[PDB]
Each structure stands twice: as structure tokens, then as C-alpha cells.
Ligand SMILES: O=c1ccn([C@@H]2O[C@H](COP(=O)(O)OP(=O)(O)O)[C@@H](O)[C@H]2O)c(=O)[nH]1
Ligand SMILES: O=c1ccn([C@@H]2O[C@H](COP(=O)(O)OP(=O)(O)O)[C@@H](O)[C@H]2O)c(=O)[nH]1
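Chains as they are written, first to last, in the deposited numbering: chain A, 6 to 165, 177 to 253, 255 to 287, 303 to 314, 322 to 326; chain B, 10 to 166, 177 to 285, 299 to 322.
Here it is in C-alpha cells:
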């Protein structure tokens, strides 16, 4: 028979998941009600794709989208200049948050982007996407603009998740936070959140950032605050060593949130969380 | 940190085991060896695996058993024709109702065998080699202090569950054990002393549970590994691998005291070990304490 996890999943899908997120750009603009929207593309040596991603979002600039920023992580290729020519604002880690020395990894970039943006809603889109669709941003912000109580929207793709998602993230969530197994692509890089939420949570480093944000949001607000939207079809993207490193950090970040100690020992082959940005810039009682 | 891993690889890992069958037979020193093949609906491959081991029966190997887990194909008759004794779960341990999964089968075989050394070999192997059992027992017979030998396969120039799930989780929770190349492998040998005294995890958790319990109780130097030869990674459906991963997680969490919800994947998940076989077969166990 059904479990409590099953029952919650079914109703969460009914209320908080959209297979056909067909809101129009015009209706979303009309719903902003004074809120502004920032779009952030984290980038490190993505010269072949960053411009193409920017180009798909640029038509929204000045209407639905208020700012379009490429947060560069120290690229040595032509990422920055291609993002400039394509119509984005390029901001380095150092300019985004001058008072803190950078550390490596994606989570650092997304955290710093909170200091460099002003939008009430922040949308993250990976800069390595080959086939970005222009409706990604509208779909991601729909539930934030139209659905009471939602603070985090995860974009998922139908396929014509991957290995880390299905072997590592979802099974560990089943063990530790089973309600969150309803989220189809918990590691996805296309997602949006409110400034209120994102400024208030720590940011995990590196490959842990997505899972960390998902679990921190759940632990504070539960499923009601999390939604997901189908962004369309896309094929699964990596070398096993990259995936194993990803997994190891997903494990470390989940463990840090779920009361499991971690040796700190990285993968044998043959760094810390950043505090909430509201400690530097700018309820759901259990009683 | 890698100092410990380096010394263990130098002393407890063999990429090219030299041992001959005759040398191993001469080292038995009165110990006996049982070989157990768990099998559920493996009619296509079980006979071929048995045939590679049968020439050792009466010499290096004292018992050769297929522990059938409820097959409805021709697994049993084909294993018998190849020279194995076929034992059902019920015959192995008649007064205890069977539960599903591989760990149950390996645990029950302890009550149906007499060896001082028990060797487990999967019955679904497509390309078995007759030197598997010799290589697995070498460190038990010729080294001192080894109680568990893990057979690994060199890969042409482990799988996704091994590299994305088992090894990273061991790095987090039992960091020395990342030195074991293929912790989830189904070809391994253990002493009766060890195997009779530890709980057995259910289903797909049995291998990692035995590895972790051996490590904790007897130490790193009680574990060895041997290269069984080059074997290509087996391609399994992602849903099967995900179910395996979920049970590996459950078993490791049990061994660490992490609350696991028991919730499976939208898949079977048990958190309940079988107790040490010496609790149910105390007189058998005492007879084999030697
Ligand atoms: O330190 C990093 C790593 C990645 N990325 C970006 O984050 C996205 C995801 O990259 P990936 O997960 O492949 O990171 P990597 O595998 O290169 O560490 C892409 O848009 C990268 O350019 C980034 O800005 N900084
Ligand atoms: O409940 C079970 C599950 C598996 N096995 C055996 O254990 C090995 C690994 O099991 P798996 O299910 O991965 O192999 P498959 O059944 O897919 O061939 C094989 O020799 C199986 O026949 C068994 O005896 N009982």
C-alpha cells in the first residue's frame, strides 16, 4: 500500500509540478507587481556556449527580466568577451563581493551573485547548455509570480536524471529526506528562488550547491515552498571521474545538512559552506 | 593517509597471484574449503560456472554447492549435471522461513556447509575462469591473519554503483576502505570464524555489510584482494542499479547508526540483518572453532 511519502508526492505533483508550464511572458510581466527579476549565468571557460545562452534570454531584458548577468569564475578563454557581445553584464567574483577572497567552485559563484544582483527573484541557468530554449526563464519564474508560498522552482527536462541523480542523490534523499524524492532533477542547474529565501541560507561549495539549497529550503519550509517545471526535452550530458567527484560532494553536502559526519577525505584514485549572504549584505515554526 | 593505503596494497593486494593449485592444496593444513554459488533463475550460466570449479572437488575444494533461491527455470538440474550439490533455502535452514534477497542465501549457506573457508562465486558469470577459487583462497591459506579476500577484475584500457555510490560513501564513513577496488564484488572468500560470527545484511547489501563488519572487528590487514582477470563491466538497467544503490546505502547506514527511513525508490529496502549464524547453529559453530 501507499506510504506517507507516496501520498505527499502525489498531492505535491498535483499542486506544485507543471508538465506544461505554458504561462505567457505578458501575463508573467503583469504579475510582477513591483518585483524585479535577475538572471545569473555562472561561467568558467564556457566560450563555446555562453553567448548562445545569453542570446536566448536577452529578448526578455527590459520586460520580464530586469538584469542578465554572467558571473565569471576566472575564465582564461573568451567566455567574458563573448558574454559581453551577446548582451550580458559580466561581473567577476571579486567585483561581486570584494570583501571576501574567492574559493573555487560553482557554489561560490552563485553565492557571490546574490551580492551582485538586485532582483527580488533570482534565476540561475547553466552557461554550458548547448540547446537553451527561450522559455526557460518564464517557466522557472511562473510559480514564484503566481503561486502563493513557493520560494524555489526547479526546472526539469524530459528525455528523448542522470547517473549521479538516480544512483546518489535520489537514493540518499529516500533514506534521509524522503519527501524530497518527488523532485525529479534535484541536481539541476536551472532553478529560481526568492531573494528572501536565498539570502537566508548557507551555500554549499562546488557541486554541492544545488542539493544544499534544496534540502535547506525543505528543512525550513517543507514541500509547500518547492515547485518544479518541465523545461522541455534535452538529452543527458561526463567522464566518470567528474561524476565521482560530483557524487562525493553531493554526499558531503547532504551529510552536513542531515546530521551525518563526514571524514573530509576526498576520492581515492589509483571547501566549507559560505554563510547566509544576509550576514554580509542587506516563518515556519516547529512550536 | 595514503601511507596506510600504500602499505595495504603492497602486502594485501595481488594483481598477478602466482599460486598453483598444488601449492594451495599443500597449504591447507587440515582446513577444508566449501564453495557456494547463490542462484536464482540462472539456467543459462550456472552449469558453466560449476564446470570451472568441479575439477577441484576432492582436492583443493571439499564441497561444491549451488544454493538455489527458488528458481523456476532449469537452474537446479543443470547445476547438478555439472557436478554441484543443489541445496534449497529451506533445506539449508529448515525452521526459519525464507526472506528474499541475496544476503539471505549466503547466510543460509553457512548452515549447509562444513568448510573452514567458504568461497562465494556468482552463478550469473558469463566467462568464469577455473583459477577463481585458487586465487580467492591463496591469501587465506598462505598469508597470516587474513579473513576476507575480495576478488576484483582488471578493467580493459568497478561499475557505476561502485564508483559513484560505494567508494564515495566509504570515503565519507570508513575512509581506509577506499583501498578496496571492488567492494561490491560477488566473488570472495572468508573464514568460518569470521562468517559464522557476523550479522548478514539483506539483499544487495550483503557484500558491503560483510566488508565493513570485517574491517571494524578484525581490521584492515584481515582483508585482502586478488585480481581474477580481465572482465568487462556488466551493463545493467539503471533502475536495477538504483535499487542496488539504495540497499547499499541502507546497509552502510545501518552499520553507522544513521537513521534510514526505509523508504525505497518509486524498490525493496530492508534495514534488518539476519543474526550471526552461530546464534542459531551454536553446536555446528563450536564444532568448527578448531
Ligand atoms: O567553479 C566553477 C564550476 C562550474 N561553473 C559553471 O557552473 C555550470 C556547471 O558546471 P560543471 O557542473 O560542469 O562544473 P565543472 O564540472 O567544470 O566543475 C557551468 O555553467 C560552469 O561553467 C562555474 O561557474 N564555476
Ligand atoms: O535473491 C537473490 C538474488 C540474487 N541471487 C544470485 O546472486 C547473484 C547476483 O544477483 P543478481 O540479481 O544481481 O543477478 P541476476 O539475477 O540479475 O542474474 C546471481 O548469481 C543471482 O542468481 C540469489 O541467489 N538470490
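Heads up, the beta-carbon is just placed ideally off N, CA and C, and yes, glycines get one too.
Fully contained in the region 85 to 161 of chain A are the following alpha helix (DSSP H) runs of length 4 or more, in chain order: 98 to 101, 111 to 121 and 141 to 151. Neighbourhood of residue 264(B) in chain A, by CB distance below 7 angstroms: 183 and 187, in chain order. Interface with chain A (8 angstroms Cβ-Cβ cutoff): residue 77(B) is excluded.
If you check each beta-carbon in the region 14 to 25 of chain A against every beta-carbon of chain B, the ones closer than 8 angstroms belong to 14.
Taking a Cβ-Cβ threshold of 8 angstroms, the residues of chain A close to residue 285(B) are 11, 14 and 197, in chain order.
Following the DSSP letters along the chain, one finds residue 21(B) in no beta strand (DSSP E) but inside the alpha helix (DSSP H) bounded by residues 11 to 21.
Excluding five sequence positions before and after residue 308(B), the CB atoms of its chain that fall closer than 7 angstroms to its own CB belong to 215, 216, 217 and 218, given in chain order. Screening all residues for a C-beta within a distance smaller than 5 angstroms of any heavy atom in ligand 1 leaves 47(A), 48(A), 49(A), 51(A), 78(A), 110(A), 111(A), 114(A), 131(A), 132(A) and 133(A), in chain order. In the same chain as residue 236(A), and ignoring 5 residues on each side of it, the C-beta atoms closer than 7 angstroms to its own belong to 323, in chain order. No Cβ of chain B is located within less than 8 angstroms of the beta carbon of residue 270(A).
Counting the other Cβ atoms within 10 Å of the Cβ of residue 153(A) gives fewer than 16, which makes it exposed. Taking a C-beta cut-off of 9 angstroms against chain B, none of the residues of the region 54 to 70 of chain A qualify. Ligand 2 approaches residue 205(B) closely enough that one of its heavy atoms is under 7 angstroms from the residue's Cβ.
Apart from sequence neighbours up to five positions away, the residues of its chain that approach residue 221(B) with a beta-carbon distance below 6 angstroms are 110, 112 and 302, ordered along the chain. Judged by their CB atoms, residue 126(B) and residue 146(B) are nearer to each other than the 8 angstroms cut-off.
Of the residues assessed, residue 85(A) falls on the buried side of the cut-off, its CB having 16 or more other CB atoms within 10 angstroms. Note that the C-beta distance between residue 200(A) and residue 227(A) is not below 8 angstroms. Between the alpha carbons of residue 139(B) and residue 192(B) lies a gap of roughly 36 angstroms. Setting aside the 5 residues that flank it on each side, residue 198(B) is surrounded in the same chain by 14, 17 and 18, each with a C-beta closer than 7 angstroms to its C-beta; the list follows chain order.
If you compare the alpha carbons of 70(A), 57(A) and 207(A) with that of residue 90(A), the shortest gap goes to 57(A).
For residue 182(B), the number of other beta carbons within 10 angstroms of its own is at least 16, and it is reported as buried.
For residue 260(A), the closest C-alpha among the options 179(A), 103(A), 306(A) and 311(A) is that of 179(A). The beta carbons of residue 241(A) and residue 156(A) sit closer together than 8 angstroms. Around the beta carbon of residue 265(A), 16 or more other beta carbons lie within 10 angstroms, which makes this residue buried. Relative to the Cα of residue 51(A), the nearest Cα in the group 35(A), 75(A), 64(A) and 186(A) belongs to 75(A). Nearest C-alpha to residue 83(A) among 49(A), 286(A), 270(A) and 243(A): 49(A).
Under the DSSP assignment, residue 210(A) falls in the beta strand (DSSP E) whose first and last residues are 207 to 210.
Annotation: residue 267(B) to residue 300(B) spans about 12 angstroms, alpha carbon to alpha carbon. Residue state for residue 184(B) is assigned as helix, using DSSP reduced to three classes.
Legend: CB atoms of the region 209 to 232 of chain B lying less than 7 angstroms from CB atoms of chain A are not found in any residue. DSSP places residue 78(A) outside any beta strand (DSSP E), giving it a letter other than H or E.
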